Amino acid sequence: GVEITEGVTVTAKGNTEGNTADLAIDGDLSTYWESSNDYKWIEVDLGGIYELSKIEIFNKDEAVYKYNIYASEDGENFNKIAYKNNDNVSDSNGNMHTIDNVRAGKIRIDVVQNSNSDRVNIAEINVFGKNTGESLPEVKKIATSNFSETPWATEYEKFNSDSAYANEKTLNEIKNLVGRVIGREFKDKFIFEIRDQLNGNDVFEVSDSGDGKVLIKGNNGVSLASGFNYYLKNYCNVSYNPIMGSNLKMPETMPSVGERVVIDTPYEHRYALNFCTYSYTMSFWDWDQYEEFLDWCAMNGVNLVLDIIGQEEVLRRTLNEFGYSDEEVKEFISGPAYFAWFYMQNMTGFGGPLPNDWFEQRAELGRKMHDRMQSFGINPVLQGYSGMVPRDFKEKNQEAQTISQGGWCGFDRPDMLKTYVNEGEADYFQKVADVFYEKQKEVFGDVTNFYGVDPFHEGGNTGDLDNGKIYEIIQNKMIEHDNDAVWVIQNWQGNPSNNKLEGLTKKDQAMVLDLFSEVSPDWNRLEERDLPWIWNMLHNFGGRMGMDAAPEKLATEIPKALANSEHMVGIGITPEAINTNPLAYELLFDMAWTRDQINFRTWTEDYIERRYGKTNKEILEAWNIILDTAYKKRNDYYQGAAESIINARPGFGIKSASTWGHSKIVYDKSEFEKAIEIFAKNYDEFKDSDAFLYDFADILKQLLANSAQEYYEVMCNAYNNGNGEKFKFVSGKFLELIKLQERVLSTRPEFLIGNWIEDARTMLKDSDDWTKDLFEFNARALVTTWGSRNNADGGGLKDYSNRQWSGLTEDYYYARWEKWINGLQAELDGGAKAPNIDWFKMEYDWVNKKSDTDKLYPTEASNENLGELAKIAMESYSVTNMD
């Protein structure tokens, strides 16, 4: 006591009606607030700062409810003060939570589970507290800097206008890159020089200085970094991949170049990044990770990178001009794990709202990135505008004409402004596009000529509009704000259609990304229409893992397409995540520096030696087996690596874990296993190489995925055929195979869910518990259910981003299979019939757990011996000895 029984109010961000926020606080147990959407929390204001001692919660029924409670004394930071996570039913007595006399002027109650419904409810909440006679501070409004007012603008224009200073900046930066990549002690071993292009082509040179140093030339930063990487690869037996394993062991003394090389590239652009990459991989990156990525980019020849960092701030400024408060902008914008699908006009709100601190920090990080890109000569691809608006835009802007875009995977797509209207009508496309490009100037300045936007990505609705005319006006509006603008358009599954593309009246000022050139090339339509286009290796879908690459097509199809085209202005990568198969990415970027088809077999041989720091006859044969199996050329259509059955929702006739995925292994399994035998045989010799271990974990977990499939098939034959003792035995081995897999996965820092979760929880500083918990939800949801019930199930997104990850395998994948088995056993043993499992409910239970109250996943890899684990795999859990 005493009960705060006066002056209290409540807000909510959604409700079924008329089950509205205030009904949670009316002193009436028969009336209740109930959620309608994914905002499953209410905010209660206490009429002043109290020292809470108790909070009492009643629900509308007797279901099992789980919730987390947060308080704020400053009006900004909401910290967790209490929670219910036990499995007790609610009853007429309510739940009483003892508080330790915490100062609170506001409280948040986030009901994360209702065992009975997708909706949550609070019938009543009483708060018990001592009045401090204080009030909450006024919360400060979001205030960001204008680019021109910042130290960033001065630097940007100084570099821009001053050759000598720009050259000095660039050369000193490449020096810094050397120190970051191989070590500070090697910096002074290189001399870097700016030269001209080679017949209008980007170009580098590697030669001796005369006094034992390496002299590297290049027309810009990326050429210089590419020359630095050429030298390491071809003279030092060194290989750099900050994400997927390196060998950075330098020779004791710097090896001579001998004959000077001059290497040019026929491609104006080398492109990197899907919109999805920003979500599946980069959601929770800090500057350390970004800087490290741009170093790897520059070193692989990349000079065109997609960039959406801080675009939340650009849009906030845009929407503020058209009737939207900052709270409403925050409700529009998704959480930090979802920006790919938010900027692709597919989904809103989900994972949000972002903290207020978000905007300033992200604008700053993007400003930082453009400074570094400027030194290298990497063009960012900023945002274009195509008419995207919230669904309530007309409400707030009545003369506005809009087009409803329908659903995407159970999500409500944002609206789209009519790209043109009739005479006599207000043209809001022109109004919002004018503000949008203007505001993107104010945040970042004139940093780029390349702008990316993609109306009607994976659905939508063109309404009454002419398809060509839509693309004409989008481009003409873009060129109006930058006369040198190039519209970067994705080419995904035959869209945009030809007649949309024919509406582009300035062909040289668009550039189409052929997204999936290595499985499903679709550039001939673009080439015929004289559109500048880029050949891209997509490769990776959703971050889903497995041994999968197309190195032969990369080594042949790229130069072939150059020879057979006039408008191929580049090559690139469009992966949905960068987490898998480094060979694939190194070869693609290596193909920029050649006009001829190469030998993918001898390129691998060379590759593996510099990646491991050494090679032998046996390692080579193991890799040839891989080239002959998992990496063997194929001519069918498929999206990513063949999927592991371990990662699939349990059932009969499973042919995938994700909706558009595939689990059919197209190579001989016993033949692939030979690679693992050879790796285990050579483990002791090669365990000094971290990239060897990484590659060994990759093939071994592939082996167990492969054999898991066979054991799965045998065990549900056993169920179907009535036995019995058989099913139990085979299902026993299946679960044990997963426990061995889990140990294989504990070995790599990159396979740890704890790194993923912690990165999310700590990506900002000064964060409250509310924000950390919410960013953890984003991290957990993405790799599992993706959205909520209607996105996971009806929307088809269940386990789209399934990861063969430690912790996730123990507590999610293994748990599902164990239950299903447990399960069919109770049936087969004279019980049951086995009930229908509501899988989403089980998956979403894990999604909503918090690291600081439930279980904290490790950020430290284990010392398990992959050679030993491999022996156990071959002996006990293989196809070869399967029986």
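We number the residues from 1 along the sequence you see.
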* To do: Decide, for the other PDB entries of this protein that were compared, whether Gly831 is missing from at least a third of their models.
  => no
Q.
Compared with other deposited entries of this protein, is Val139 missing coordinates in at least a third of those that cover its neighbours?
A. yes
The stretch whose C-alpha atoms carry the larger average B-factor in the entry, 53-61 or 827-835, is 827-835
The stretch whose C-alpha atoms carry the larger average B-factor in the entry, 709-717 or 516-524, is 709-717
One of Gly796, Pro380, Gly661, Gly351 has the largest Cα B-factor in the entry, namely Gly661
Scanning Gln490, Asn167, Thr462, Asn579 for peak Cα temperature factor in the entry gives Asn167
Quick tally, chain-level thirds of C-alpha B-factors: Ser36 sits in the middle
Binned into thirds over the chain's modelled residues, the C-alpha B-factor of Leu273 lands in the lowest
Of the three thirds of Cα B-factor ranks in this chain, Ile69 occupies the lowest
For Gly221, the third of its chain by CA B-factor is the middle
Here the Cα B-factor of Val847, set against its chain, lands in the third termed lowest
